[PDB]
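Here you get one chain, nothing else, as structure tokens; it is the form solved without the named molecule.
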């Protein structure tokens, strides 16, 4: 258990990749705090069945108010967040001539602001303790030619810039900041369909002390399609 006595936060952790990472971290000894719009009964039962503590909060991660309240709550309950996984995000297909400023803005609020708001809430606790991990979810579409995702790819690129820049800011405090880039769901080197479990090993590795000298990096886990 590489994450023993650690409290990990996963946004959008009620389902999909978010939940997969949450459980993997729990398996590795970490207690869990999930922030999402919908309830996470499944994740909660699986995590508790592992003997781990878990808290689920209904929250709109794009709203400063909800994130501040979520942060206070997580701090009151577990006292501190050691690992922050910014997984929350939307990816609607929208042709450029139909893309409105409102849709564009909404995409940034959910995909980018949430990671910033969450960092503001938990970095202080990490700095005080001299150890921390922040993992941002980006996308391989960042390196691919694909239409109707101008708003989406712009935010995913922002996630990488956020990762690199924040890593520079927090590197002296024992905190690493990295990103994981899954495919958006032949062109891959490994002819296998991607599944959430394919990303849990990388997340666990990055959140462990086996990667303490690794920060500001983006690790693509996609069967070898993109190269960077």
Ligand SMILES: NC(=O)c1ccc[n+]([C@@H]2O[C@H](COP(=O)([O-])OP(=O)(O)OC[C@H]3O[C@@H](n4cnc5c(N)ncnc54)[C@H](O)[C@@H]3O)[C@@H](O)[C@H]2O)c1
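Positions refer to the first chain, counted from 1.
As for the form solved in complex with the named molecule, it is not shown, yet the points below apply to it.
Colleague: Please run the contact check for residue 183 against the named molecule in the bound PDB entry: heavy atoms, 4.5 angstroms, yes or no?
Modeller: Heavy-atom contact with the named molecule at 4.5 Å: present for residue 183.
Colleague: Classify residue 15 as contacting or not contacting the named molecule in the bound PDB entry by the rule of any non-hydrogen atom within 4.5 angstroms, answering yes or no.
Modeller: It does: once the named molecule is placed as it appears in the bound PDB entry, residue 15 has a heavy atom within 4.5 Å of it.
Colleague: Is it the case that residue 132, even though its partner is missing from this view, gets within 4.5 Å of the named molecule in the bound PDB entry, heavy atoms only?
Modeller: No, residue 132 is distant from the partner.
Colleague: Even though the named molecule is not shown here, does residue 38 get within 4.5 Å of it in the bound PDB entry, heavy atoms only?
Modeller: Output for residue 38 is yes: heavy atoms within 4.5 Å of the named molecule.
Colleague: Do heavy atoms from each of 88, 110 and 137 fall within 4.5 Å of the named molecule in the bound PDB entry?
Modeller: The answer is yes; 88, 110 and 137 each reach the named molecule.
Colleague: Partner absent here, but in the bound PDB entry, which of 119 to 127, 94 to 102, 152 to 160, 68 to 76 has residues with a heavy atom within 4.5 Å of the named molecule?
Modeller: Going by heavy atoms within 4.5 Å, the stretch is 152 to 160.
Colleague: Between the options 59, 202, 170, 54, which residue brings a heavy atom to within 4.5 Å of the named molecule in the bound PDB entry?
Modeller: Of 59, 202, 170, 54, the residue with a heavy atom within 4.5 Å of the named molecule in the bound PDB entry is 59.
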